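J.: First the structure, which I've put down as structure tokens, then a few questions once you've had a look.
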Amino acid sequence: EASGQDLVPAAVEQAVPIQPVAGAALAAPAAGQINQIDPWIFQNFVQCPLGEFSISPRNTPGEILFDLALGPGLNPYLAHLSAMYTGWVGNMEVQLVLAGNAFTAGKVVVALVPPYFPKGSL
Amino acid sequence: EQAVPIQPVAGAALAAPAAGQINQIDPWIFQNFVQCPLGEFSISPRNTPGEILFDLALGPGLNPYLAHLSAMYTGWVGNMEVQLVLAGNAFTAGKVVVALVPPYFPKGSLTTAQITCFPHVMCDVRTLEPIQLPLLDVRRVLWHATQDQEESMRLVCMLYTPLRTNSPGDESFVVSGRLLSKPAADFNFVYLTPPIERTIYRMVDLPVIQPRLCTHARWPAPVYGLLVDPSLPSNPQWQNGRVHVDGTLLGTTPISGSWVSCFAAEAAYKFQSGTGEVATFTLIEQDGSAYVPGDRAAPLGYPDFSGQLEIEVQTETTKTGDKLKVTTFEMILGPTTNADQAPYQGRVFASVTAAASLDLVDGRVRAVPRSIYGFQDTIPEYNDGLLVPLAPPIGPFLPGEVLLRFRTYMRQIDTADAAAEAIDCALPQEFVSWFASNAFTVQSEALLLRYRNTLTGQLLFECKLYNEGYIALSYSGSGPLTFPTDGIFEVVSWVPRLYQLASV
Amino acid sequence: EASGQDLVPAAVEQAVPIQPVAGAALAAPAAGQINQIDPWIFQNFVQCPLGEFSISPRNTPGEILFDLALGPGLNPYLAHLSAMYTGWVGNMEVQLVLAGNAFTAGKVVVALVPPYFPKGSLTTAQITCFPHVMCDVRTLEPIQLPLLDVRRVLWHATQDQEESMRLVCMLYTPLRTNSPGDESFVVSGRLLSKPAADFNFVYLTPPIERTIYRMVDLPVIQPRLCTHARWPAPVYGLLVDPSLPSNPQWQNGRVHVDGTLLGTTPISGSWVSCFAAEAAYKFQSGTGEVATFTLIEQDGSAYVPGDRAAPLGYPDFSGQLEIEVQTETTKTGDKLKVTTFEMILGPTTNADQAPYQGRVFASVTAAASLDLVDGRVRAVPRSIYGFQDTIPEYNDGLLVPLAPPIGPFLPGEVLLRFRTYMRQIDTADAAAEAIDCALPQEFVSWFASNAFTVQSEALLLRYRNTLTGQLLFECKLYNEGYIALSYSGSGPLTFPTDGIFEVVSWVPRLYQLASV
Amino acid sequence: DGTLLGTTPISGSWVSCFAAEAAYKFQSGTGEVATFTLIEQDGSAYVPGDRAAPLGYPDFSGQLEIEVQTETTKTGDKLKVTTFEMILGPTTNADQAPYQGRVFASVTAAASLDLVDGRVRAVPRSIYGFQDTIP
């Protein structure tokens, strides 16, 4: 552990109110080919293409920090396998590493905006 | 946390026997906190203990899945459940007290010993997790009605003990807090009803028209650019283009855009051996309705700028061959120490400079302005020399806010002045005839407008619309800054009048 | 929980060595009436009248922070129920909220001093011999501690007479800060309190009006509308200024908090800076008309030399002032007429100017003899020539008993002046000079006609601008009828005149205010 | 219950006196003439409402001698408190508009008593021809 605990260690995936969602079990009988991705990609996390952002004190409230859309463009692998295949399915797990100095404050909110929502202001 | 001395309070089990239906709620609302945007605050080391940070009442307006869901139903009844997040780190100190004031209480100032005699929690500014606490529904009628802002249990949050922290040279460490709120287990709506749109829960949405096309409000000519100018008078009392957000029409503002700067009247033409053909118009509202001296300083549409202007009038001349003809006249608006221009009473004297006794005929007239002379952005003489009930000056801006302008240009006769200096209004007429044609209900004090470019999408500034009918903009420059005139105004939310914008 | 735990969270009532004490079980058979107090008062704590204190690094060790005595004056309820009943009993529970920044140090000690102990010194050597508790000025939670009722009579009376178990604390070892820049964190305290298991009142009497636990009500009227107490003119703006003398002894607009007048403060708003007198008009070949005014109270009652240095309402500045007088002259055709006299205050090298004895003089530059018959008349001012805000010669040049100077202030506190301007007759410049009182005349006429009971040393005020609803400053009000405000700037500082002074809570003298 | 009928001022000093912006001229007849534009005594502006006059305006007829502070532009004199002769009753000839905020005052001075414009409050010095009827 670090030293010390005048920080706030959120290690728990907070409870988001959204049902589970079926992945490549709705595309197995309608994509005429068997496919799997190397089972050692599912093991370690890895930085997205768009990986970095900064929260500087000049950023007012409301400035979208990182607006990243689900797809193969969220790994260096899944975006480099997705040049062979034509199409994808399924879920994903995203980490978020923001561990600012112990002399800071202020809070961010992450919102799983659904499809077909007009891009723009938010 | 949520240990306050209040008995449980029943809802939707006390108003079911006397309510036709008891409708339920999409059960994915009971599992998602939402924020009422007047539930934000920012403590700062320079805040004396006793300020009221947020004061908000129970209702369906605290949760935009209810402010909208309450257009289909007649009445609501039940509890809510709120939580407060304080964003402070472990090097701060100083308490904050949240109190559940009951729903019949003389509003006003509560000194820091009167906010703790209520039921209340006290919590530090070093608490990570949200401070959950319930918002029960203490009422006396069975179930409230949705189209009726009636009293209900309020939350008040007071800075009990000042903040004590260090702070760098920028920007002095505000401890910001937010509030969120979701329906409790038994918040039910009562009677289903065809959804009427103009219920009293509606963000005041502004017309989607670029300020370059909207018709100006003080001179009949399109807008030619909007700008800020801290050098010009910062508290003018123009009498046109003055509409409160909640619909009312301050001053002499007309609901058209064509009534502006032009009056209708019954004309009285008579010849004199001096200036010639003088005219004494007895005023009237343009549409035809008679005019009586009332609370507004002049008939609807009269000008509100001092200086000489000519008017164009159709005169049914009784000569031979020249039956009908539009001629120009000459009228003086300013005091000028000799002029019986009493619009407040309904008499305006306009003359010409003609040597012939051209025999006009009296009758109804509407007088469109043709050109100003010696323009002065100050009040004409609405009475002979006395006072007159007029609209109060625009304001008051927070320290570090300047009025937004909507500049148009006007015709002008002169001899050496070439630059066409001209007038500006607070809101283009397409906003006046839009706030008077909806009668929006007004939530607190000011909307957080935003002027977005239509194609690039990038913001330009965050103007704050004060519902007394103007648009303040945070600014610190020295000279008049000019903005692009091809964006779009769009609202964001309500906001407390103590809000601080982003400097431009 | 907070973040984090480099603080010290004393949540436990420390063990005080004192037996339990029976409350309203010794007054049940000797108070011929059943009584209970609303059972929802026993549930939540609530701030006392005297609730606030401050531990600033300047406070040496030994300075008593809060010395509060057990009684009904320790809740806003128990002090508002105790206007009906006559007498109380029983225990109480007091909290103590001192949660200073995590960069402080220093410790306080709280000692349940028993009754019949001589009030006064209580130095830092004999505050630990009592049954005490030591607590750090960093403690996070509130620190509960009891306040039992040690007594020898069954139930005390509800007049301040009785003596009960005070609960005094003391800045044991001083507060010193540790953060690396130009700031020491004054730790503010709070004090919440609730009646114990068996507090109870005894006999039910009529809720008399002028009772003893009226907190304070300052009149809800803007300083812009009030009337000045040193010149018949409205108030035109309040401000703070260190440049001017910060210890004057104005003999007008000087009332205690409990109404006791001081010096020569009138009760009217019209009696101000004027006087009634039996006139004596004569003529001589020099200046002309001479009036030997024999002073008399403005209402008509005869003047007498007393402790106050002048008749009620006599002007307490220095300089030449004109005067309006309604006189009935003998000249035919013009009998009744108002005329203007002139009177010079202060030393004049010809000074039988004894407003204390009862004689003053006026002189009009009349050519002929203004044949004016002597007569009782009042004299209202119209203009001042040589203004000097200092005490005039109340005797010829001798000593005269008068009101003490406005003080004393803490280090860094300035008098808060309600300022007005008076008509001026001068020759060179055109800046009408300014006079200023400590309390507008409405406050004097209000305190004089209410007779509150001051509790400890001062009332912590505020200033709520009613238009917008934001505070403006945190000014403290001493009992000697002046409003001290903490301030550090060099030039003056003017405040708006729409605020509503509202009392917040009692407070000792050592309360370090919030600078502006 | 606190309501303020009529035009009663709160401060006990606003009574029977009014503040106004002055505008002196000197006609060659009666003498100086000041056309006071009335203003609420605290300073805030005036608007014709439902009370008869600004707060504190006197409600008794009779020619009233006011005493007012003024400033002159002559030599050796900078400030001086002078008097005026205001008429309060109907007087059968006066463009007096206490409701609209315009009141006349004059003196008897053959010379041109030059005075600079400004803001002045007219406390009443003396009355003459008193009547207890509304002006």
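Ordering of the structure tokens sets the chain letters (A, B, ...); residue numbers start at 1 within each chain; ligands are numbered from 1 in the order shown.
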Distance cut-off 6 Å, counting only C-alpha atoms - which residues of chain D neighbour chain B? Return them as a PyMOL selection string.

T.: chain D and resi 47-48+100

J.: Include N, CA, C and O atoms and write out the residues we just selected as a PDB file, in the first residue's frame.

T.:
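result_22.pdb, freshly written:
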```pdb
ATOM      1  N   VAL D  47     -40.791  58.608  -8.487  1.00  0.00           N
ATOM      2  CA  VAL D  47     -41.712  58.273  -9.569  1.00  0.00           C
ATOM      3  C   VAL D  47     -43.134  58.556  -9.099  1.00  0.00           C
ATOM      4  O   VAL D  47     -43.463  58.291  -7.934  1.00  0.00           O
ATOM      5  N   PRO D  48     -43.998  59.108  -9.945  1.00  0.00           N
ATOM      6  CA  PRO D  48     -45.389  59.334  -9.533  1.00  0.00           C
ATOM      7  C   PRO D  48     -46.082  58.018  -9.227  1.00  0.00           C
ATOM      8  O   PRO D  48     -46.276  57.178 -10.107  1.00  0.00           O
ATOM      9  N   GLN D 100     -45.934  65.354  -9.185  1.00  0.00           N
ATOM     10  CA  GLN D 100     -45.021  65.061 -10.280  1.00  0.00           C
ATOM     11  C   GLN D 100     -43.570  65.393  -9.959  1.00  0.00           C
ATOM     12  O   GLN D 100     -42.678  64.967 -10.700  1.00  0.00           O
TER      13      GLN D 100
END
```

J.: Please identify the strand (DSSP E or B) residues within stretch 106-348 of chain C (assignment by DSSP from backbone atoms) and present them as an NGL selection string.

T.: :C and (107-111 or 132-136 or 145-146 or 156 or 167-173 or 187-190 or 192-195 or 201 or 204 or 227 or 234 or 238-240 or 255 or 261 or 275-278 or 281-283 or 289-296 or 318 or 320-329 or 336-344)

J.: So which residues touch stretch 84-90 of chain A within 10 Å, counting only C-alpha atoms, skipping near sequence neighbours fewer than 2 positions away, as a ChimeraX atom specification?

T.: /A:21-27,31,35,70-72,78-82,92

J.: For chain B against chain A, which residues fall within 7 Å using only C-alpha atoms, given as a VMD selection string?

T.: chain B and resid 31 87 to 90

J.: Determine, counting only C-alpha atoms, which protein, DNA and RNA residues have an atom within 7 Å of an atom of residue D:18; residues of the same chain fewer than 5 positions away are not included. Present the result as a PyMOL selection string.

T.: chain D and resi 41+56-57+121-122

J.: Write a file of the selected residues as a compact mmCIF listing (two decimals), in the first residue's frame, keeping C-alpha atoms.

T.:
```txt
# COMPACT_ATOMS: atom_id res chain seq x y z
CA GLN D 41 -34.85 62.29 0.96
CA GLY D 56 -41.90 63.76 4.30
CA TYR D 57 -43.48 66.44 2.13
CA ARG D 121 -32.68 69.25 1.36
CA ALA D 122 -35.03 72.01 2.54
```

J.: Just the residues within 7 Å of stretch 108-120 of chain C, please, counting only C-alpha atoms, with nothing from its chain fewer than 6 positions along; format it as an NGL selection string.

T.: :C and (127-128 or 130-137 or 150 or 163-173)

J.: Any chance you can output those residues with N, CA, C and O atoms as a PDB file, in the first residue's frame?

T.:
```
ATOM      1  N   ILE C 127      -7.415  25.694  37.604  1.00  0.00           N
ATOM      2  CA  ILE C 127      -8.468  25.201  36.732  1.00  0.00           C
ATOM      3  C   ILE C 127      -8.396  23.698  36.576  1.00  0.00           C
ATOM      4  O   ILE C 127      -9.366  23.094  36.102  1.00  0.00           O
ATOM      5  N   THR C 128      -7.288  23.074  36.953  1.00  0.00           N
ATOM      6  CA  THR C 128      -7.196  21.628  36.896  1.00  0.00           C
ATOM      7  C   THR C 128      -7.579  20.959  38.201  1.00  0.00           C
ATOM      8  O   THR C 128      -7.908  19.771  38.194  1.00  0.00           O
ATOM      9  N   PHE C 130     -10.261  21.408  39.843  1.00  0.00           N
ATOM     10  CA  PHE C 130     -11.657  21.027  39.708  1.00  0.00           C
ATOM     11  C   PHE C 130     -11.771  19.764  38.866  1.00  0.00           C
ATOM     12  O   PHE C 130     -10.822  19.387  38.182  1.00  0.00           O
ATOM     13  N   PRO C 131     -12.923  19.101  38.876  1.00  0.00           N
ATOM     14  CA  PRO C 131     -13.079  17.924  38.017  1.00  0.00           C
ATOM     15  C   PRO C 131     -13.132  18.325  36.565  1.00  0.00           C
ATOM     16  O   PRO C 131     -14.146  18.852  36.117  1.00  0.00           O
ATOM     17  N   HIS C 132     -12.074  18.072  35.810  1.00  0.00           N
ATOM     18  CA  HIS C 132     -11.899  18.703  34.517  1.00  0.00           C
ATOM     19  C   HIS C 132     -11.729  17.662  33.422  1.00  0.00           C
ATOM     20  O   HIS C 132     -11.732  16.459  33.664  1.00  0.00           O
ATOM     21  N   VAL C 133     -11.589  18.164  32.202  1.00  0.00           N
ATOM     22  CA  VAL C 133     -11.395  17.367  30.998  1.00  0.00           C
ATOM     23  C   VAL C 133     -10.477  18.138  30.074  1.00  0.00           C
ATOM     24  O   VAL C 133     -10.678  19.329  29.857  1.00  0.00           O
ATOM     25  N   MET C 134      -9.479  17.472  29.511  1.00  0.00           N
ATOM     26  CA  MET C 134      -8.561  18.127  28.590  1.00  0.00           C
ATOM     27  C   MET C 134      -8.822  17.631  27.179  1.00  0.00           C
ATOM     28  O   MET C 134      -8.915  16.423  26.954  1.00  0.00           O
ATOM     29  N   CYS C 135      -8.942  18.554  26.234  1.00  0.00           N
ATOM     30  CA  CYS C 135      -9.273  18.187  24.870  1.00  0.00           C
ATOM     31  C   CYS C 135      -8.493  19.052  23.895  1.00  0.00           C
ATOM     32  O   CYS C 135      -8.277  20.240  24.143  1.00  0.00           O
ATOM     33  N   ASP C 136      -8.074  18.447  22.787  1.00  0.00           N
ATOM     34  CA  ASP C 136      -7.188  19.076  21.823  1.00  0.00           C
ATOM     35  C   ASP C 136      -7.995  19.910  20.841  1.00  0.00           C
ATOM     36  O   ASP C 136      -9.126  19.568  20.510  1.00  0.00           O
ATOM     37  N   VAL C 137      -7.395  20.987  20.338  1.00  0.00           N
ATOM     38  CA  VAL C 137      -8.145  21.925  19.510  1.00  0.00           C
ATOM     39  C   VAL C 137      -8.207  21.402  18.092  1.00  0.00           C
ATOM     40  O   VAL C 137      -8.557  22.136  17.168  1.00  0.00           O
ATOM     41  N   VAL C 150     -25.456  21.092  41.089  1.00  0.00           N
ATOM     42  CA  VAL C 150     -25.119  20.974  42.500  1.00  0.00           C
ATOM     43  C   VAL C 150     -25.731  22.151  43.239  1.00  0.00           C
ATOM     44  O   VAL C 150     -25.443  23.308  42.933  1.00  0.00           O
ATOM     45  N   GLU C 163     -27.140  30.608  42.237  1.00  0.00           N
ATOM     46  CA  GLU C 163     -25.799  30.236  41.824  1.00  0.00           C
ATOM     47  C   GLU C 163     -25.791  28.756  41.491  1.00  0.00           C
ATOM     48  O   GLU C 163     -26.242  27.936  42.291  1.00  0.00           O
ATOM     49  N   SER C 164     -25.275  28.419  40.318  1.00  0.00           N
ATOM     50  CA  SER C 164     -25.345  27.063  39.813  1.00  0.00           C
ATOM     51  C   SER C 164     -23.997  26.669  39.243  1.00  0.00           C
ATOM     52  O   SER C 164     -23.093  27.493  39.122  1.00  0.00           O
ATOM     53  N   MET C 165     -23.874  25.402  38.875  1.00  0.00           N
ATOM     54  CA  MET C 165     -22.565  24.867  38.533  1.00  0.00           C
ATOM     55  C   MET C 165     -22.058  25.369  37.199  1.00  0.00           C
ATOM     56  O   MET C 165     -22.340  24.766  36.164  1.00  0.00           O
ATOM     57  N   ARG C 166     -21.294  26.451  37.204  1.00  0.00           N
ATOM     58  CA  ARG C 166     -20.723  26.970  35.979  1.00  0.00           C
ATOM     59  C   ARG C 166     -19.877  25.901  35.299  1.00  0.00           C
ATOM     60  O   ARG C 166     -19.499  24.904  35.904  1.00  0.00           O
ATOM     61  N   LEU C 167     -19.593  26.105  34.018  1.00  0.00           N
ATOM     62  CA  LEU C 167     -18.753  25.193  33.242  1.00  0.00           C
ATOM     63  C   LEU C 167     -17.790  26.030  32.416  1.00  0.00           C
ATOM     64  O   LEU C 167     -18.095  26.393  31.284  1.00  0.00           O
ATOM     65  N   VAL C 168     -16.636  26.334  32.973  1.00  0.00           N
ATOM     66  CA  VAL C 168     -15.690  27.258  32.368  1.00  0.00           C
ATOM     67  C   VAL C 168     -14.536  26.480  31.767  1.00  0.00           C
ATOM     68  O   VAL C 168     -14.065  25.507  32.363  1.00  0.00           O
ATOM     69  N   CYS C 169     -14.085  26.885  30.584  1.00  0.00           N
ATOM     70  CA  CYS C 169     -12.889  26.296  30.007  1.00  0.00           C
ATOM     71  C   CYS C 169     -11.812  27.358  29.932  1.00  0.00           C
ATOM     72  O   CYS C 169     -12.042  28.524  30.237  1.00  0.00           O
ATOM     73  N   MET C 170     -10.635  26.955  29.484  1.00  0.00           N
ATOM     74  CA  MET C 170      -9.474  27.821  29.579  1.00  0.00           C
ATOM     75  C   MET C 170      -8.458  27.405  28.539  1.00  0.00           C
ATOM     76  O   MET C 170      -8.176  26.217  28.398  1.00  0.00           O
ATOM     77  N   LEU C 171      -7.900  28.371  27.825  1.00  0.00           N
ATOM     78  CA  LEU C 171      -6.951  28.015  26.786  1.00  0.00           C
ATOM     79  C   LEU C 171      -5.687  27.514  27.456  1.00  0.00           C
ATOM     80  O   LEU C 171      -4.808  28.300  27.801  1.00  0.00           O
ATOM     81  N   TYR C 172      -5.595  26.202  27.650  1.00  0.00           N
ATOM     82  CA  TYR C 172      -4.554  25.645  28.501  1.00  0.00           C
ATOM     83  C   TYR C 172      -3.176  25.876  27.907  1.00  0.00           C
ATOM     84  O   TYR C 172      -2.331  26.533  28.519  1.00  0.00           O
ATOM     85  N   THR C 173      -2.928  25.355  26.711  1.00  0.00           N
ATOM     86  CA  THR C 173      -1.652  25.574  26.047  1.00  0.00           C
ATOM     87  C   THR C 173      -1.900  26.134  24.653  1.00  0.00           C
ATOM     88  O   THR C 173      -2.688  25.552  23.885  1.00  0.00           O
TER      89      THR C 173
END
```

J.: Identify all chain B residues at most 7 Å from chain C by counting only C-alpha atoms; ligands do not count. Present them as a list in words.

T.: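 Therefore, the residues near the partner are residues 5, 48, 51, 89, 90, 91, 92, 93, 111, 112, 113, 116, 117, 126, 127, 128, 161 and 164 of chain B.
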
J.: Could you make a table, as a tab-separated table, of the residues of chain C that have an atom within 6 Å of an atom of chain D, each with its nearest atom pair and distance in Å to one decimal, counting only C-alpha atoms, in chain and number order?

T.:
```
residue	atom	partner	partner_atom	distance
C:225	CA	D:11	CA	5.7
C:226	CA	D:11	CA	5.2
C:227	CA	D:11	CA	5.6
C:423	CA	D:69	CA	5.6
C:425	CA	D:80	CA	4.4
C:426	CA	D:79	CA	5.1
C:427	CA	D:77	CA	4.2
C:428	CA	D:78	CA	5.2
C:429	CA	D:78	CA	5.5
C:430	CA	D:78	CA	5.7
```

J.: Restricting the output to C-alpha atoms, write the selected residues as a PDB file, in the first residue's frame.

T.:
```
ATOM      1  CA  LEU C 225     -33.708  55.687   6.633  1.00  0.00           C
ATOM      2  CA  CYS C 226     -32.631  56.016  10.282  1.00  0.00           C
ATOM      3  CA  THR C 227     -31.927  59.398  11.876  1.00  0.00           C
ATOM      4  CA  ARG C 423     -25.090  72.369   6.595  1.00  0.00           C
ATOM      5  CA  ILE C 425     -21.295  78.164   6.192  1.00  0.00           C
ATOM      6  CA  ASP C 426     -17.687  78.700   5.120  1.00  0.00           C
ATOM      7  CA  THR C 427     -15.780  80.712   2.528  1.00  0.00           C
ATOM      8  CA  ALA C 428     -13.083  78.698   0.722  1.00  0.00           C
ATOM      9  CA  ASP C 429     -14.156  75.182  -0.300  1.00  0.00           C
ATOM     10  CA  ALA C 430     -17.441  73.430  -1.069  1.00  0.00           C
TER      11      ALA C 430
END
```

J.: Name the residues in contact with residue B:260 at a cut-off of 7 Å, using only C-alpha atoms, excluding same-chain residues fewer than 4 positions from it; report them as a ChimeraX atom specification.

T.: /B:217-220,254,301-302

J.: Counting only C-alpha atoms, which residue out of C:57, C:78, C:88, C:393 sits closest to residue C:106?

T.: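 Closest to residue C:106 of all the choices is C:57.
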
J.: Need to verify the contact set: residue D:25, 8 Å, only C-alpha atoms, exclusion of same-chain residues closer than 6 positions in sequence. Can you return it as a count of residues only?

T.: 4

J.: Figure out the distance between atom CA of residue B:362 and atom CA of residue B:267, please, to one decimal in Å.

T.: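 Taking atom CA of residue B:267 and atom CA of residue B:362, their separation equals 5.3 Å.
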
J.: Hey, which of C:146, C:285, C:416, C:348 ends up closest to residue C:17? Count only C-alpha atoms.

T.: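 Result for the nearest residue to residue C:17: C:146.
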
J.: Interatomic distance between atom CA of residue B:375 and atom CA of residue B:310?

T.: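 We find that atom CA of residue B:375 and atom CA of residue B:310 lie 12.3 Å from each other.
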
J.: Could you find all residues in chain A that DSSP calls helix (DSSP H, G or I) from the backbone, and write them as a list in words?

T.: residues 28, 29, 30, 72, 73, 74, 78, 79, 80 and 81 of chain A

J.: Take the residues from that selection and put them in a file with C-alpha atoms, as a PDB file, in the first residue's frame.

T.:
```pdb
ATOM      1  CA  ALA A  28     -23.058 -16.733 -33.779  1.00  0.00           C
ATOM      2  CA  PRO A  29     -25.924 -17.997 -35.991  1.00  0.00           C
ATOM      3  CA  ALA A  30     -25.699 -15.093 -38.430  1.00  0.00           C
ATOM      4  CA  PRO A  72     -12.507  -1.845 -31.701  1.00  0.00           C
ATOM      5  CA  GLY A  73     -10.711   1.473 -31.466  1.00  0.00           C
ATOM      6  CA  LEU A  74     -10.254   1.145 -27.718  1.00  0.00           C
ATOM      7  CA  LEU A  78      -8.598  -4.740 -30.967  1.00  0.00           C
ATOM      8  CA  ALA A  79      -7.845  -1.859 -33.332  1.00  0.00           C
ATOM      9  CA  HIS A  80      -5.121  -3.845 -35.070  1.00  0.00           C
ATOM     10  CA  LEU A  81      -7.095  -7.059 -35.327  1.00  0.00           C
TER      11      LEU A  81
END
```
